[PDB]
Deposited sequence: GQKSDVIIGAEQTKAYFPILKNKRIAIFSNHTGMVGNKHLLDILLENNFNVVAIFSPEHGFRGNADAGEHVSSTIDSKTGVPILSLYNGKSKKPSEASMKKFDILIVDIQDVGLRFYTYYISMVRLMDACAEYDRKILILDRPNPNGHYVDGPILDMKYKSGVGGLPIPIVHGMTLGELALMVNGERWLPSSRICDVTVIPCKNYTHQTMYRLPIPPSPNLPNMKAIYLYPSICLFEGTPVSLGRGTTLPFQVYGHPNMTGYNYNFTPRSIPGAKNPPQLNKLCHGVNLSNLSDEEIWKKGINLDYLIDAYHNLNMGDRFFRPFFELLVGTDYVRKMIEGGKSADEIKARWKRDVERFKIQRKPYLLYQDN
């Protein structure tokens, strides 16, 4: 039967929270029915004293007006750390190295470690938890879009990843944080969990989430990936691309106000009718990037300087420019992926794939 997320398992963690001053790291996805975890805890007479959000606050658009709890955008101040005993993580991730909630989580783990506070992670599925793919990030390229030496698609839940951050000593000053994970039930690393609530505005559906590992690489290029359209992360195109049977024009819309190629007719490819199965078969698929590179004929200027910060190694640009195939390039990282699957194994909380 169906996945039971950590936050649903109140008999597992309500006793942990009893009599404690509680902070929560979450956003609008941290819901069980039409209540935020914050609301459920307050209704059960728990003392929630603060919420940390990677956006403004968790109501999807510095004090929550429904509850009066202070709301803190994301390290935390010393003053804030003193206010609570336990921090709860409850947030829906998408499983990519360049999707940044885990970097916020690592920041909070470091702070909690320094201040001797416990973290409780109410685990949620990784919708891309069914595979591991891409180069391990070279730490020459550590950045705002890549915080740990992990593959592009790491395959782990935030709870698993937290355990790995501790065990591999990936926090600053090599601290470990006291972490308890409430694991999901009815969940393996083959389960294909579908997100009820969009995790970001331009990841509106599962097609976008499944294509994201391949298509977000275009953020290291001038190519539009459909922000400003009905099909974000499900198309690619550019005004200069030539010879294509699909076109779109990005528009200035809420959450995509000043999108790439705004008000330009972009020529390209519609991927929105690929089956979920055929996306799963291919994992990170460099076909799209290679197609656009060769079509545009602008040589190395196709790749933004920070392409490497997204892909995590220097050889992808070089091999594309050298005329190598998608399969050749992808094969180069197979060993990295093999090794990471071994490295992560002690930290998995669910059946491996």
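Note: segments 1-3, 65-73, 87-92 of the deposited sequence have no C-alpha coordinates in the structure.
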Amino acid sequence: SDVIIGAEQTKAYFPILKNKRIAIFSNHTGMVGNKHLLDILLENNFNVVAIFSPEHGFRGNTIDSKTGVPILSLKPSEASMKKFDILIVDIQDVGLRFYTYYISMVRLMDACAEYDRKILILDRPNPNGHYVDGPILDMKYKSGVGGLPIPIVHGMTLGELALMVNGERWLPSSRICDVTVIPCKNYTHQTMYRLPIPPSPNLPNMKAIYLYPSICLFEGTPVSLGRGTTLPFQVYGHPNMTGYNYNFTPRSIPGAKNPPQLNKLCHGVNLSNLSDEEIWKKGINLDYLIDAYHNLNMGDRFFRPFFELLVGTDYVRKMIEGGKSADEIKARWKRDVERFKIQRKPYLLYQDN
From here on, numbers count along this sequence of modelled residues.
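Looking at mean Cα B-factors across 255-263 and 224-232, the upper value is held by 255-263. When 304-312 is weighed against 45-53, 45-53 comes out higher, by mean CA B-factor as recorded in the entry. Among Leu158, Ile150, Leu271, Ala111, the highest C-alpha B-factor in the deposited entry belongs to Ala111. Annotation for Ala292, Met319, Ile284, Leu38: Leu38 ranks highest, by Cα B-factor. The deposited CA B-factor of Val181 belongs to the middle third of values across its chain. For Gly167, the recorded CA temperature factor ranks within the middle third of the chain's modelled residues. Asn247 sits in the middle third of its chain by CA B factor, as recorded in the PDB entry. Sort the chain's modelled residues by C-alpha temperature factor and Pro127 lands in the lowest third, per the entry. Compared with the other modelled residues of the chain, the Cα B-factor recorded for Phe84 ranks in the highest third.
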